[PDB]
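**Student:** Once you've seen the sequence and the experimental structure below, I've got questions.
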There are 2 protein chains.
Amino acid sequence: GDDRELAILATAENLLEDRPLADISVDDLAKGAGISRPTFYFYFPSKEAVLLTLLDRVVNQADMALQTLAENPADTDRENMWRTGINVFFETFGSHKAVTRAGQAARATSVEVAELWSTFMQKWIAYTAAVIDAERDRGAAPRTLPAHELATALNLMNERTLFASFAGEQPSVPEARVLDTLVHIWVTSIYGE
Amino acid sequence: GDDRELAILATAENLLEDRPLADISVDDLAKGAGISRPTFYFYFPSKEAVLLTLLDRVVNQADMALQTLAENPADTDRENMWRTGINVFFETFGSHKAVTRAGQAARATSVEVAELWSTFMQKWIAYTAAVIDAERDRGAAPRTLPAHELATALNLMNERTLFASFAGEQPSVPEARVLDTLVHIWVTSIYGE
Ligand SMILES: O=C(Cc1ccc(F)cc1)Nc1nc(-c2ccccn2)cs1
Ligand SMILES: O=C(Cc1ccc(F)cc1)Nc1nc(-c2ccccn2)cs1
């Protein structure tokens, strides 16, 4: 039953690694999942709903990993704290590059995908800002920019930079360098001046 | 003659301020430009070619303004130097928000638009890196990250952040705050540690 749903999702993630969603048909998803096309439409109204489901799984995986980190701080310096947090997104989305790239593109076309991404970005930015505010309250970071505006720009940088690296866009930071690059910019802008 | 081309371009820029390119027809562009549909196809093969032309004008305007700045340095501190450069893009693209937003979306669909954007981003990143390298050579900036990788991430941040602000996305930095926000992150990451 729901097994067939997971088969549809797995087939979609596999096919997205080699072609965009526009080049994938409902019949391709049904055929790969071992079901008929009418049976597919029982589980999903469209191939776009399949992508939205895949993206929802990935963003919730990242959100849950960040929540785990937040509840069990690693005893390290400040640079390591930020690196471990940025790494949650590097590893989670980097493990699902086809879904990430496809979900990014679908933001222009799908209001559901745009709303899903916006909801989680607001959550992650609020958490970033709250940690920056905590660092300021304890005297470790200077009161420079409004924390929420700083957090917004830094999170948007990570979105654009990580996704460019994963897609091998030109220009991009090589994926083997992108964590160090982002961590440097976060740490200097949060603690600097 | 070429006057009718400029009328097509002006009509397209005006219509894009109120609806996306998918909701604009070749007939809408012809009607607004005072020409017939066959006459339009003399000047442009498609409405997508009109957008590519509009975007080419905007990116070359920004590139030429940056070249002007590079040849006449303003006598100021380092923070003002970076602010004046970032402002070139804030003002140029912020004066053509509909074209910017439409060109951003067309990157997913149009290889010509993606290549145009990539060509100019590589140019602007190379210039950023060369200035960072100059600052390091004169002892003003520390040798931290590879300059070209730092320049890449900072330019990608500006792309994503400026365009989110112009479109009023949620989340975004308010447009009245985005220049200060970006300048802070550039200056601390270039001169910090
Ligand atoms: O970077 C993002 C958001 C993102 C990344 C990649 C995307 F593709 C889309 C969104 N969120 C982050 N939060 C932290 C953080 C905050 C507080 C304490 C520790 N770590 C580090 S990175
Ligand atoms: O920020 C960008 C690229 C960009 C911005 C907005 C976009 F929408 C798309 C690309 N380029 C910049 N170069 C400088 C600079 C470099 C050296 C000296 C002085 N200024 C400042 S900002």
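**Tutor:** Cool, the structure landed. Numbers count the residues shown, from 1 in each chain, chains lettered A, B, ... in the order given. Ligands and ions are numbered 1, 2, ... in the order given.

**Student:** only C-alpha atoms for contact and neighbour calcs from this point on.
**Tutor:** Noted.

**Student:** So chain A: which segments form each domain?
**Tutor:** Structural domains assigned to chain A are A:1-46, A:47-193, following curated CATH domains.

**Student:** Mind putting the ones you listed into JSON lines with mean neighbour count?
**Tutor:** Below are the domains of chain A laid out as JSON lines (neighbours: other Cα atoms under 10 Å in any protein chain shown):
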{"stretch": "domain A:1-46", "mean neighbour count": "16"}
{"stretch": "domain A:47-193", "mean neighbour count": "18"}
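
**Student:** ok, is the helix or strand in which residue A:119 is found in contact with ligand 1 or not?
**Tutor:** Under DSSP states H and E, the secondary-structure element containing residue A:119 is helix A:111-137. Yes: judged by Cα under 6 Å from any ligand atom, helix A:111-137 and ligand 1 are in contact via A:121, A:124, A:127-128, A:131.

**Student:** that older thread, reformat the domains of chain A into a markdown table and put distance to residue B:78 next to each item.
**Tutor:** Shown next, in a markdown table, are the domains of chain A (distance: least, Cα to Cα, whole Å):
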| stretch | distance to residue B:78 |
| --- | --- |
| domain A:1-46 | 44 |
| domain A:47-193 | 14 |
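
**Student:** touching chain B at all, the host helix or strand of residue A:100?
**Tutor:** When secondary structure is defined by DSSP H and E, residue A:100 falls within helix A:97-106. Yes: Helix A:97-106 lies within reach of chain B by Cα under 8 Å from any Cα of the partner chain, at residue A:105.

**Student:** That helix vs ligand 1: in contact?
**Tutor:** No: Helix A:97-106 lies out of reach of ligand 1 by Cα under 6 Å from any ligand atom, never closer than 7.9 Å.

**Student:** And the contacts of that helix?
**Tutor:** Under the criterion Cα atoms under 8 Å, 6 or more residues apart in numbering or on different chains, residues A:13, A:16-17, A:20-21, A:51-52, A:54-55, A:93, A:113-114, A:163, A:166-167, B:108 lie in contact with helix A:97-106.

**Student:** What is the most widely separated pair among these?
**Tutor:** By the measure Cα to Cα, A:17 and A:114 form the most distant pair in the contacts of helix A:97-106, at 21.3 Å.

**Student:** so how far is ligand 2 from the residue of chain A found nearest chain B?
**Tutor:** Proximity to chain B, evaluated over chain A using Cα to the nearest Cα, is greatest for residue A:157 at 4.2 Å. If you measure residue A:157 against ligand 2 using Cα to the nearest ligand atom, to the nearest Å, the figure is 12 Å.

**Student:** relative to helix A:97-106, how tilted is the host helix or strand of that residue?
**Tutor:** Assigned by DSSP H and E, residue A:157 falls within helix A:147-167. When axes from the mean of the first three to the mean of the last three Cα atoms, to 10 degrees is applied, the directions of helix A:147-167 and helix A:97-106 differ by 120 degrees.

**Student:** coming back round to it: could you give the separation of the helix holding residue A:119 from the chain centroid?
**Tutor:** In terms of Cα atoms, centre = their mean, to the nearest Å, the centre of helix A:111-137 is set 12 Å apart from its chain centre.

**Student:** How about stretch A:18-30?
**Tutor:** From the chain centre to the centre of stretch A:18-30 is a distance of 22 Å (Cα atoms, centre = their mean).

**Student:** Same question for stretch A:179-193.
**Tutor:** Distance of stretch A:179-193 from its chain centroid, counting by Cα atoms, centre = their mean, is 20 Å.

**Student:** same deal with stretch A:74-83?
**Tutor:** Taking the mean C-alpha point of stretch A:74-83 and that of its whole chain, the gap between them comes to 21 Å (Cα atoms, centre = their mean).

**Student:** same thing with stretch A:72-85?
**Tutor:** Shown here is stretch A:72-85, whose average C-alpha point lies 20 Å from the average C-alpha point of the whole chain (Cα atoms, centre = their mean).

**Student:** Is chain B within reach of that stretch?
**Tutor:** No: residues of stretch A:72-85 are not located near chain B by Cα under 8 Å from any Cα, the shortest gap being 12.2 Å.

**Student:** who touches that stretch?
**Tutor:** Under the criterion Cα under 8 Å, 6+ apart, external residues in contact with stretch A:72-85 comprise A:66, A:69, A:179-180, A:183, A:186-187.
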